[PDB]
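Provided below as structure tokens are two forms of one protein chain, presented individually as structure 1 and structure 2.
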Structure 1
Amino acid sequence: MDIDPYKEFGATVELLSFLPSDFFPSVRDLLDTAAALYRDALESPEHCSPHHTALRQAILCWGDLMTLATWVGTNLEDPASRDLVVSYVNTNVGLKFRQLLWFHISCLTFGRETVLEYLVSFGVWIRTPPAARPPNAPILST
């Protein structure tokens, strides 16, 4: 099956890709923000919203991936190739989860339309060369 996790939320993988990689916080900083803002809702027996349902699964999936990556790095054929599994996480699946976690956390905080407008505003601003770019980035606010 070819599922786009953003599609039921009015976005697409291609649109999230318009943000540069270094826009996103780390997964750890995203997970700490999800707890600070939504821990009680995420841990409750209520659905709350489709964003909460999706965010719950993503949090648990990152736990699955890191447990697997930890086992690989620890019970290893080599020494110091641990650096290799880390690099794959940083390059590949870490970026996917930074996009996804940022998307759900921001939509819960600012609303989908505000988030998507900001995404396009920032993506255009950051691609404007510094010769022309206004000094302050667009603002994400309700």
Structure 2
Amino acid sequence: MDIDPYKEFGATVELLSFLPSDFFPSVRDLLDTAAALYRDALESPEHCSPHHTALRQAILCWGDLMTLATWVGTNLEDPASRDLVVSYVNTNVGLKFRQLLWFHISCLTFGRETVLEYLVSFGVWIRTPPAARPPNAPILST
């Protein structure tokens, strides 16, 4: 089987991958922000929206991923398990889940429709040769 966590929301993995990695904030900064704003909504008994329903599972899934990454990097007596877990987290799943947190939090702050257009706008800007774009890349607001 094969699923795109973004398809049901009107985006894809490729649309987010077209953003540069350094653009997304850290896993901890996103987690902090997700609490401060939607602490109350996330811990509620009402699916506030499919964005809330996705954000709860994603956040909990990542903690499962992080428990495993901890066990593998600490309790394997092979020393290369450190570098393998650091690589796995940076290279692979940390950035994949940094995008996912950012998408659903921004859809909740600026609305799904606003956020999507910002992707496509960012998409032309990056694809555009530098002397032909504005020095500042696009920016998200209401």
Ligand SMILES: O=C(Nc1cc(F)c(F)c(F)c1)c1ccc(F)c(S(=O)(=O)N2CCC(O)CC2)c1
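C-alpha atoms forming the largest set that superposes within 1.5 Å between two forms make up the rigid core. Shifts are known only where both forms have a C-alpha. Numbers follow structure 1, counted from its first residue as 1.
Participant: Go through 1 and 2 and tell me the one that is the form solved in complex with the ligand.
Facilitator: Answer to the question: structure 1 is the form solved in complex with the ligand, whereas structure 2 comes from elsewhere.
Participant: Would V13 count as moving between structure 1 and structure 2, using a Cα shift of 2 angstroms or more after superposing the core as the test?
Facilitator: No, the C-alpha position differs by under 2 Å between structure 1 and structure 2.
Participant: Aligned on the rigid core, do the two forms place the Cα of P79 2 Å or more apart, comparing between structure 1 and structure 2?
Facilitator: Yes; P79 is a residue whose C-alpha shifts (by 2 Å or more) between structure 1 and structure 2 when the cores are overlaid.
Participant: Does the distance between the two CA positions of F23 reach 2 Å or more between structure 1 and structure 2, the core being superposed?
Facilitator: No; that C-alpha moves by less than 2 Å between structure 1 and structure 2.
Participant: Report, in Å with one decimal, the C-alpha displacement of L42 between structure 1 and structure 2 after core superposition.
Facilitator: Core-aligned C-alpha shift comes out at 0.4 Å.
Participant: Look at the Cα of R127 between structure 1 and structure 2 with the rigid core superposed and state its shift in Å.
Facilitator: For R127, the C-alpha ends up 5.2 Å from its position in the other form.
Participant: Can you give the C-alpha shift of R112 between structure 1 and structure 2 in Å, rounded to one decimal, after superposing the rigid core?
Facilitator: In the core superposition between structure 1 and structure 2, the C-alpha of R112 moves 1.4 Å.
Participant: Please list, in sequence order, every run of 3 or more consecutive shared residues whose CA atoms are displaced by 2 Å or more between structure 1 and structure 2 on a core superposition.
Facilitator: In sequence order, the runs that relocate between structure 1 and structure 2 are 78-81, 119-139.
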